[PDB]
2 protein chains.
Amino acid sequence: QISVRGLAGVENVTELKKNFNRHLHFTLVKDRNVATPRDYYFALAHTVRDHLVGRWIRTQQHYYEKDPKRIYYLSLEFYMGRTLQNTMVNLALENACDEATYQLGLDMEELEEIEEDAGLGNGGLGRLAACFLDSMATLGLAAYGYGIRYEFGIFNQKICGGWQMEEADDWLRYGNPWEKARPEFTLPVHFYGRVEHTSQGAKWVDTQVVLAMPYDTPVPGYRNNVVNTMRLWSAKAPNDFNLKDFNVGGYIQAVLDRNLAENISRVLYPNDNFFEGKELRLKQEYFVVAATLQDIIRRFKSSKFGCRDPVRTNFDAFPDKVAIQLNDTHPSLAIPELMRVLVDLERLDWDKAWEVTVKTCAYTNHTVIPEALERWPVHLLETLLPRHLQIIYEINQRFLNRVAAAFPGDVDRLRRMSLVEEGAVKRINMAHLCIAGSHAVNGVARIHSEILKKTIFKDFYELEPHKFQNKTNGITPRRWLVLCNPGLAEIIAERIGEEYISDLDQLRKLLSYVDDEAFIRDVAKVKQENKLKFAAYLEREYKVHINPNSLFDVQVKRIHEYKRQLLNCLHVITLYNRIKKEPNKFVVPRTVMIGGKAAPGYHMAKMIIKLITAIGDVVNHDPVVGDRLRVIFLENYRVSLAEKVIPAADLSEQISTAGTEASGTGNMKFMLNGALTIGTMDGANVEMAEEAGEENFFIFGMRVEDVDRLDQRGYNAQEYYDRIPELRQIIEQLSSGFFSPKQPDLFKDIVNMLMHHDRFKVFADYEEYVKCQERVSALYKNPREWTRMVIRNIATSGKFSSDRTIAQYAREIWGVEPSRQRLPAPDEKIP
Amino acid sequence: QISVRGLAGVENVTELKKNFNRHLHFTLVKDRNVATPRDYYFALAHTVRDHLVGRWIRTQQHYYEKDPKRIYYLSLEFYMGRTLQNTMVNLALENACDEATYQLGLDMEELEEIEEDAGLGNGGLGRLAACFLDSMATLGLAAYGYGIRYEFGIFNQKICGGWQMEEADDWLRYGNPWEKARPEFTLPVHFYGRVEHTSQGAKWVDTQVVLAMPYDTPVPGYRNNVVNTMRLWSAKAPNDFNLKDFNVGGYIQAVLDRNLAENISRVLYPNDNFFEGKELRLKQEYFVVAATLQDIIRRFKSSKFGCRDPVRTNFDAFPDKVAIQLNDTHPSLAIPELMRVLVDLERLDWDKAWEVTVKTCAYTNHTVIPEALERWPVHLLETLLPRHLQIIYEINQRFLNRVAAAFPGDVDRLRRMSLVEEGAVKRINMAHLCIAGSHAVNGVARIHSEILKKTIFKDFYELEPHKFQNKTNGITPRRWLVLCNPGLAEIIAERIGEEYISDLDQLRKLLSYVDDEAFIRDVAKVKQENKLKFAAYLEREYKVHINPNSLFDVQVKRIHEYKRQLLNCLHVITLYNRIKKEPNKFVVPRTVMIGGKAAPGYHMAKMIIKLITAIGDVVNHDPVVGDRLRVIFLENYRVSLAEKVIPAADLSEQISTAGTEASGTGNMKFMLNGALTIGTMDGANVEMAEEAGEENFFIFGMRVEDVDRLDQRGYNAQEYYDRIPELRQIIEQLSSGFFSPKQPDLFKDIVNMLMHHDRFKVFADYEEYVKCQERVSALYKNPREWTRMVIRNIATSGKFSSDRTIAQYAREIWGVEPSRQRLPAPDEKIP
Ligand SMILES: *Cc1c(COP(=O)(O)O)cnc(C)c1O
Ligand SMILES: *Cc1c(COP(=O)(O)O)cnc(C)c1O
Ligand SMILES: OC[C@H]1O[C@H](O)[C@H](O)[C@@H](O)[C@@H]1O
Ligand SMILES: OC[C@H]1O[C@H](O)[C@H](O)[C@@H](O)[C@@H]1O
């Protein structure tokens with residue numbers, strides 16, 4: 001018994017070894033004597049991909065025969081991570097491949113580490129899209145992920161001298177065994193041009209043509225023979241005009257300029273919760289909307305309609321056949337674009353086309369911070385997409401009339417609700433477009449959904465209350481438990497069975513073992529084993545040593561002023577300062593691991609990375625501290641690293657100023673993997689504590705009320721500085737170079753900011769946070785009672801499955817029903 | 001009996017059908033109901049490539065075990081054409097695949113047409129390299145083709161309004177089933193930088209790094225189980241400095257600028273026999289030399305030396321293990337580069353390193369016209385490659401001293417021989433570098449080799465006569481007979497057997513059937529069948545009809561003033577004019593097909609294409625002419641088209657001014673495919689007539705003597721215009737717009753040129769050429785005697801095999817022996 005990673009059966013280990021050898025010779029064109037671990041990794045990736053082309057082809061032909069309502073998940077990000085082990089888990093192949101490669105004399109685990117991550121996402125939003133795709137295929141939905149196939153994903157972070165160095169992520173350098181290019185299905189996307197109003201229609205004329213080429217990646221559900229499709233577009237120059245617009249320039253130059261159109265899919269924008277109004281971003285945005293909508297209408301034009309039905313292309317049933325989800329406002333151009341095709345090209349009247357558009361679209365909002373909001377300058381939309389600016393002015397014109405009629409005489413409302421913002425440069429507010437042209441708008445945790453209805457989209461909720469919904473986020477139990485933490489899934493599965501992997505509410509049944517002494521030791525034992533293995537990985541891939549017997553205090557997520565890595569930093573310096581003061585007083589030892597990426601242009605986030613490494617230089621070399629405290633910055637945090645750190649954490653840091661994190665999902669990953677949370681009543685932390693009970697959680701701080709009371713009052717940090725000696729001491733340590741000796745003024749920007757422009761009021765939660773941290777160390781010191789609380793969190797985390805989330809989107813926004821029904825085998829077949 | 005395209009055996013047609021179906025499902029991820037002809041083409045290309053990975057792997061391990069002298073053929077061009085049928089011919093797979101796909105219900109021939117050509121060549125030089133690679137693998141040589149993997153090959157030509165329109169050749173748009181990327185083996189190439197002279201060596205410091213990534217394509221020999229390798233390099237940005245040279249620009253821009261380094265392999269230069277001194281061409285040139293030489297020295301450092309031998313890396317045996325052939329001066333930077341590594345990096349003294357360099361390198365010259373010669377400006381070499389300019393000045397310094405010592409006091413010689421040319425801008429003459437640093441220099445036909453020794457490299461021949469050699473070009477009997485013309489190879493094979501495919505001298509034995517009446521009808525019958533099939537292809541892919549019963553008069557090659565498409569044009573207008581004069585007088589009917597590509601910037605060549613289409617507009621629409629004369633411009637001439645036209649020709653036009661075409665190979669292709677040649681005593685036409693006897697050939701014109709007598713005299717075209725009424729009439733037809741009605745002055749440049757600056761003296765051969773053409777029509781009118789002459793040409797064409805050429809390079813330049821010895825099977829094997 002290795003774990004329940006499937007049967008390592010006799011006819012099938014022999015099958016896998018035969019095919020491994022076919023692909024090393026025939027695919028890789030290598031022989032055993034010059035094959036490296038990477039060639040071995042590829043022979044395995046190809047052998048495993050062979051088991052899902054069967055199911056893929058019959059899942060796709062199936063939706064064609066039966067023709068269900070189809071769900072299009074449009075996102076500019078998909079943060080997939082590595083795909084070999086996930087595919088093995090979902091096909092029940094993991095133990096047979098483990099035995100087979102072991103027989104070939106190889107370590108599967110060594111080979112798995114060779115796979116480069118698909119890092120086509122920034123953080124939270126992109127990873128929600130990967131967890132969503134997994135759950136839509138597990139629930140049997142005829143669902144399609146649609147996005148851009150970026151050839152450079154999020155940069156790989158290097159720390160040089162304590163500073164982040166960004167370098168290009170050439171994830172495709174060696175190939176991608178999982179995608180299937182589909183150049184047969186390329187589609188044109190148009191840019192610039194102008195509009196001729198001619199007799200029976202506006203026409204978009206004189207456009208530049210970029211071609212969008214598909215690449216399909218299979219999305220397997222968990223053990224049900226459904227393999228859905230993630231289609232990702234590549235930009236390609238036409239070979240005509242990008243060459244045959246003639247009369248001198250140069251032939252070589254005309255060919256070399258082809259990579260002007262192909263730059264559109266070259267690199268992801270590295271910004272998490274921050275809007276950059278660059279023209280290339282808008283081009284990326286129109287490009288995935290333009291091409292996706294052609295693929296969508298094509299499938300509807302076949303359906304059972306391009307056969308018969310009423311016979312007239314009656315777009316009336318388009319909403320009963322199509323649901324498109326907008327993942328944030330990044331694909332909001334899908335609303336004027338679907339209006340353009342229907343009015344200009346299919347020739348429907350405005351009001352029929354508008355009824356159809358709003359009934360098929362729906363919008364997920366992901367943040368309330370204002371700098372994250374997309375507000376595109378009109379002179380940009382004007383130049384680039386002139387017909388869509390006209391459709392946005394007419395949507396706007398008609399929406400505000402509906403507002404006028406309902407709130408008569410309320411003239412500030414009208415200017416407030418406008419999709420057009422006057423000012424310095426006029427802008428189009430993409431979030432207002434999405435509520436006007438969607439039938440459902442949702443937030444991503446119950447508090448955030450309430451804050452949208454009460455603050456940011458209040459006027460919109462008073463006008464159309466029925467659109468506003470909530471759908472709390474989730475995580476997939478398959479990568480985020482079964483795959484990163486097989487030890488924990490075994491000891492759970494020993495007691496309650498394996499049906500919980502697709503029914504996570506069943507973890508409630510673990511609550512009757514909260515006093516079972518074998519289970520308490522087992523739960524404690526795997527956390528000890530994970531702590532040992534990450535501690536080893538650390539000296540392997542990156543180190544100068546840690547202590548597995550300390551509390552592993554970890555905060556890993558994007559670096560942001562609202563997620564508050566500086567509040568954690570202030571806490572760490574307190575601990576150091578107190579044991580410099582009382583050296584021979586025992587304290588619970590901690591390894592505090594802080595990791596994440598800062599966007600290239602966010603100078604404060606880049607300075608926060610420099611402060612964490614500077615605290616670590618001092619703390620990790622004090623001889624009086626010894627092993628009692630280490631501070632480690634976790635380099636190049638990404639999906640595959642999160643699969644390693646989150647099993648080995650004891651304490652989860654979820655420290656954002658109440659009202660700023662819309663949900664968070666890092667927090668959920670840590671709850672089913674046996675970590676306890678210290679956190680504010682923010683995002684989904686509220687529903688997590690409500691699920692485990694506030695006594696099984698360490699909440700501190702200001703709630704949203706208190707944040708607004710303080711803002712009515714006026715936040716003044718000098719008051720905190722004046723009343724708290726310990727906090728006072730830290731700041732003057734920063735301000736004199738204790739932490740930056742050669743360069744004493746280095747941290748003047750963090751100090752100036754914290755003292756004078758702290759938007760997320762870090763000092764207001766400092767006392768309650770160090771006092772809360774005093775209570776978790778007290779519980780760590782009582783192992784039996786830490787593990788019984790941990791068992792309260794694991795057992796109560798199944799609400800937070802993305803299968804719960806997807807079944808509610810499916811039921812209350814998409815109008816389709818989940819099915820955990822196994823599709824009729826893979827079995828062979830050629831027709 | 002289909003033809004002798006191999007056995008369509010029982011266990012093997014079932015084998016091929018099984019594998020076709022495996023790849024359509026598993027590789028293509030398609031099912032029979034949505035698979036197009038292209039998906040079918042790919043299932044076949046993958047099934048056939050599976051039969052040569054076995055042989056490839058054992059051919060490569062073999063040279064490793066036995067370790068022979070290895071031949072590196074360095075060329076900036078490889079004009080490969082399509083590779084499926086060729087591979088099928090060489091593996092004896094053609095009939096089994098024909099039966100197998102027929103059983104699957106498909107037409108192999110329809111699928112073969114779907115393959116896009118690998119057009120990584122311009123014409124003559126690049127196609128010689130593809131014919132050379134075929135013959136080196138058929139003769140069992142441990143040989144490597146080395147070049148640039150261009151992603152845009154030679155442009156696809158469109159005629160719009162009679163004008164050439166150039167468009168990009170995206171030959172990889174759909175994939176290439178034949179290459180195998182080898183990113184594991186990438187190598188750095190350095191650019192710009194500077195030289196520090198430091199204590200014990202010059203060092204090239206501060207360089208930009210481009211990475212060269214290999215892609216290997218298999219080269220199968222004819223039926224012998226040898227599969228050699230064509231390695232082709234791709235340019236790739238490093239992800240460090242092309243990003244981590246820091247302090248503002250932009251992160252997105254730094255990633256988008258990666259395609260500055262990757263532009264180096266983006267597009268072939270479309271110039272045939274013309275030098276453009278562009279910096280990107282030099283970068284292309286240093287890049288294939290830099291990376292190839294690293295791969296070469298690596299293999300020598302293992303050999304049996306990196307095991308033992310004397311034990312010291314004694315580069316003395318480097319010439320006994322390495323031979324590199326330079327295909328024209330385009331890889332001449334291989335001589336200062338191999339000196340740089342040996343002196344600077346391996347630290348040999350100058351004179352030992354120079355002895356080794358000259359003993360391993362050899363240079364093929366391909367043309368005597370001066371504008372084709374590479375003469376790179378010193379300020380270019382200075383900037384880009386500063387260490388190599390220093391090595392070229394020291395090679396030069398020492399070479400001219402050897403010249404001084406041998407020709408004492410001859411000071412004009414010294415300036416004449418110099419690798420450095422003073423003048424307006426100093427330049428480095430790349431051809432003089434190649435003779436100074438090569439042990440053999442050869443030309444490509446016996447006259448051209450003599451003209452090199454007598455005119456262009458006379459000083460160099462007086463100094464070192466032993467270097468100058470001749471190696472007349474050849475064509476491969478496999479694509480150029482067995483593959484384009486299976487009908488002709490069958491009727492030959494019926495009489496004399498199949499050993500001639502690798503022993504083409506055996507075609508002499510056909511001479512005893514010159515009076516066999518069955519053979520005369522058969523030879524005539526396949527030419528009739530080919531004429532019928534190209535005439536059909538014409539209305540299929542491109543037309544408004546031709547007559548298969550006319551003489552197919554075809555001139556297909558690059559458009560150039562020296563290859564003289566205008567002399568053919570003058571001839572065509574004469575024929576038209578004479579039958580406008582005597583309408584009811586019978587003449588032998590002709591379809592004259594002129595095709596080829598003009599380089600983008602060669603305005604006269606582009607105007608010659610416009611004149612041929614304008615003659616065709618008039619001639620093809622005269623009702624008095626009827627079918628007696630049609631003029632057709634053959635669009636987008638390339639390798640796969642040449643495989644179609646050359647079997648269907650009756651008359652081969654090889655009309656270049658004596659002394660300008662160094663060899664020609666189009667002429668050889670036409671001699672083994674049953675076409676008669678009208679031609680001047682130029683290039684290899686001389687050795688062809690000498691092989692078939694001048695009575696079996698239609699030679700006309702000025703010989704080289706006469707060209708030089710006329711140049712001593714002074715060529716004056718007005719004299720020709722004054723004495724020949726028929727030629728006079730044509731010119732004034734051009735000069736008044738008979739051929740360009742709306743735009744009468746359109747052809748003033750061709751007339752002005754012909755009259756005043758004709759470098760290739762088109763009018764001097766006009767009388768003798770129309771008079772020679774009068775005699776071929778007279779023989780066409782006597783079918784039995786045309787076919788008996790045709791049989792004199794086929795039977796005597798085996799000198800012109802590239803296997804004869806390669807066995808003489810091999811013996812008299814490379815020092816290795818051919819072997820037609822079948823390598824021990826494909827048979828399976830895993831070690
Ligand atoms: C889940 C995940 C995130 C989201 O974490 P939060 O705490 O919600 O900000 C970001 N990055 C990675 C690699 C993740 O796996
Ligand atoms: C062989 C070949 C050439 C060379 O023809 P020449 O008559 O020697 O100039 C050029 N183009 C193609 C496509 C060829 O096959
Ligand atoms: O919705 C997925 C994630 O999107 C964004 O990253 C939000 O900041 C985060 O709170 C949320 O959980
Ligand atoms: O050597 C191959 C060919 O190279 C060049 O194209 C020459 O012009 C031609 O005469 C020769 O046959």
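Residue numbers begin at 1 in each chain, while the letters A, B, ... track the order of the sequences. Whatever order the structure lists ligands and atoms in, that order sets their numbers, starting from 1. FYI, side chains are in, hydrogens and waters are out, and symmetry mates aren't considered; it's all heavy atoms of this structure.
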Can a donor-acceptor pair be found, under 3.5 Å and without considering hydrogens, that links the side chain of B:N86 to the backbone of B:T83? no
Does B:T367 reach ligand 4, in the sense of a heavy atom lying below 4.0 Å from it? no
Check this for me: does any side-chain nitrogen of one of A:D682 and A:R564 sit under 4.0 Å from a carboxylate oxygen of the other? no
Would you check the N or O atoms of B:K563, main chain and side chain alike, for any that come under 3.5 Å of an N or O of ligand 4? no
Could you find the nearest protein heavy atom to atom 1 (C) of ligand 2 and give me its residue, atom name and distance? B:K669 NZ, 1.3 Å
Once you restrict to heavy atoms under 4.0 Å, what part of B:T364 touches ligand 4? Side chain, backbone, both or neither. neither
Which word best sums up how the rings of B:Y542 and B:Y537 line up, parallel for under 30°, tilted for 30 to 60°, or perpendicular for over 60°? perpendicular
Between B:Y562 and B:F760, how do the two ring planes meet: parallel, tilted or perpendicular, split at 30° and 60°? tilted
Go through the side-chain N and O atoms of A:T677 and A:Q654 and say whether any donor and acceptor fall under 3.5 Å apart. no
Distance filter under 4.0 Å to B:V639 heavy atoms, resulting ligand 2 atoms: 13 (C)
Would you mind checking which non-hydrogen protein atom is closest to atom 9 (O) of ligand 2, with the distance to 0.1 Å? B:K563 NZ, 3.2 Å
Report yes or no: does A:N273 have a heavy atom closer than 4.0 Å to ligand 3? yes
Would B:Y562 count as a contact of ligand 4 if the rule is a heavy atom under 4.0 Å away? yes
Which ligand 2 atoms, with their elements, are less than 4.0 angstrom from a heavy-atom of B:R638? 13 (C)
Nitrogen or oxygen of B:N473 less than 3.5 angstrom from that of ligand 4: yes
Classify the side-chain pair B:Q565/B:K557 by whether it contains a donor and acceptor separated by less than 3.5 Å. no
Heavy atom of B:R558 under 4.0 Å from ligand 2? no
Quick one: look up the protein heavy atom nearest atom 11 (N) of ligand 2 and list residue, atom name and how far away it is. B:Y637 CE2, 3.5 Å
Indicate yes or no: does an N/O atom of B:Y79 lie under 3.5 Å from an N/O atom of ligand 2? no
Using a 4.0 Å cutoff against the non-hydrogen atoms of A:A662, which atoms of ligand 3 qualify? 10 (O)
Contact (N/O only, under 3.5 Å) between B:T665 and ligand 2: yes
Considering only heavy atoms of B:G664, which atoms of ligand 2 have at least one such atom less than 4.0 Å away? 8 (O)
NZ/NE/NH1/NH2 to OD/OE distance under 4.0 Å, A:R479 and A:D134: no
Can you tell me how the ring of B:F457 sits relative to the ring of B:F468, calling it parallel under 30°, perpendicular over 60° and tilted otherwise? tilted
Tell me the nearest of B:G666, B:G119, B:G126, B:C131 to atom 6 (P) of ligand 2, using heavy-atom distances. B:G666
Just which atoms of ligand 4 are under 4.0 Å from any heavy atom in B:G124? 2 (C), 3 (C), 4 (O), 6 (O)
For the residue pair B:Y363 and B:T329, establish whether any side-chain heavy-atom pair is separated by less than 4.5 Å. yes
With distance as the sole criterion, is a donor-acceptor pair present between the side chains of A:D272 and A:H560 under 3.5 Å? yes
What protein heavy atom is closest to atom 12 (O) of ligand 4, reported as residue, atom name and distance in Å? B:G664 N, 2.8 Å
Mind checking whether B:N667 has an N or O less than 3.5 Å away from an N or O of ligand 2? no
Where do A:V556 and A:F670 land on the side chain to side chain contact (heavy atoms under 4.5 Å, CB included) test, with the steps shown first? CA-CA 11 Å; A:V556 287; A:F670 279 97; 3.9 Å; yes
Please identify which atoms of ligand 2 are closer than 4.0 Å to at least one heavy atom of B:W480. 15 (O)
Between the side chains of A:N442 and A:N470, does any donor sit under 3.5 Å from an acceptor? no
Give the residue and atom name of whichever protein heavy atom lies nearest to atom 7 (O) of ligand 2, and the separation in Å to one decimal. B:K557 NZ, 2.7 Å
Establish, from distance only, whether the side-chain atoms of A:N365 and A:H448 form a donor-acceptor pair under 3.5 Å. yes
Can you pull out the closest protein heavy atom to atom 4 (O) of ligand 4? Residue, atom name and distance to 0.1 Å, please. B:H366 ND1, 3.4 Å
What protein heavy atom is closest to atom 10 (C) of ligand 2, reported as residue, atom name and distance in Å? B:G123 CA, 3.7 Å
Is the shortest side-chain N to carboxylate O distance from B:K563 to B:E661 below 4.0 Å? yes
Distance only, no hydrogens: is a donor on one side chain within 3.5 Å (strictly under) of an acceptor on the other, for B:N122 and B:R558? yes
re atom 9 (C) of ligand 3, the protein heavy-atom contact at minimum distance is A:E661 OE2, 3.5 Å
So is B:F670 in contact with ligand 2, going by heavy-atom distances below 4.0 Å? no
